[PDB]
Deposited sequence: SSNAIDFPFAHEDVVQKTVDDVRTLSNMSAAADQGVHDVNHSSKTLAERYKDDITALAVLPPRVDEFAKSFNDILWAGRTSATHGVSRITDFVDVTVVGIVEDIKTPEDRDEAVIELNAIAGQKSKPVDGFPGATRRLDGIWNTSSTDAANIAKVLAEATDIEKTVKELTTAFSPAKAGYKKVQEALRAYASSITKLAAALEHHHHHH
């Protein structure tokens, strides 16, 4: 029963991944706006004499807005990533799997981990960088849920489960905060 985020080396690699995804989005968005700004200033610089230069900024602006939508599609996937980790770690694992009592309780536990492992993610169209690193994190949860759920079918196994998953929690919260900061940053980009 390995938990990829129970190891500090994996957690850092994953936090970097998200940082890299956040920073890239910032850099690229600026790059697009600098191009867009530069385009506008140029047409303004020769607006009296060169009338055709006005045709360009609108073309660069229509793209800039398409680009912003993709960046916000990325944000949306990141927030669902934050939600997902809360539902796995806090609602399911700590809420149910650590507080297991009755058949009717674990009836929730093993199912609720199954519903989690069965969930998939909308990819970010035109942003395969975001799709790849986000799916990688989404799927760590799916795999950890599955593993945990297979290791039922009691009270002995649960104390081992709790103890074994414990090192993963700080890992998960580390990754959740990275995603949460990436999602926050996107909202602030247009400023």
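J.: No C-alpha coordinates means not modelled. Give me those stretches of the deposited sequence in order.
T.: Missing from the model are residues 1 to 4, 158 to 161, 200 to 208.
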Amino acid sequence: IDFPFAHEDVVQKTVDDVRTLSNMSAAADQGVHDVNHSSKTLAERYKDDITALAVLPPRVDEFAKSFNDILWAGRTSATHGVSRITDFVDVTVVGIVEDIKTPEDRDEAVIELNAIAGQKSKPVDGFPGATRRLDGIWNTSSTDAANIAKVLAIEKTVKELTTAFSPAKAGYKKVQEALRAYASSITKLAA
From here on, numbers count along this sequence of modelled residues.
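J.: Which is higher on average in the deposited entry, the C-alpha temperature factors of 14 to 22 or of 172 to 180?
T.: Comparing 14 to 22 with 172 to 180, the higher mean C-alpha B-factor belongs to 14 to 22.
J.: When the C-alpha temperature factors are averaged for each of 38 to 46 and 132 to 140, which stretch ends up with the higher value in the entry?
T.: Between 132 to 140 and 38 to 46, it is 38 to 46 that shows the higher mean C-alpha B-factor.
J.: In terms of CA temperature factor as recorded, identify the highest of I154, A64, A145, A28.
T.: That would be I154, according to the entry.
J.: Per the entry's Cα B factor values, which of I85, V91, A73, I100 stands out as the maximum?
T.: Within the set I85, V91, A73, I100, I100 shows the top C-alpha B-factor.
J.: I186: which third of its chain by C-alpha temperature factor?
T.: As the PDB entry reports it, the C-alpha B-factor of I186 lands in the lowest third of its chain.
J.: Using the temperature factors of the C-alpha atoms in this entry, rank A78 within its chain: lowest, middle or highest third.
T.: Tercile = lowest for this residue's CA B-factor.
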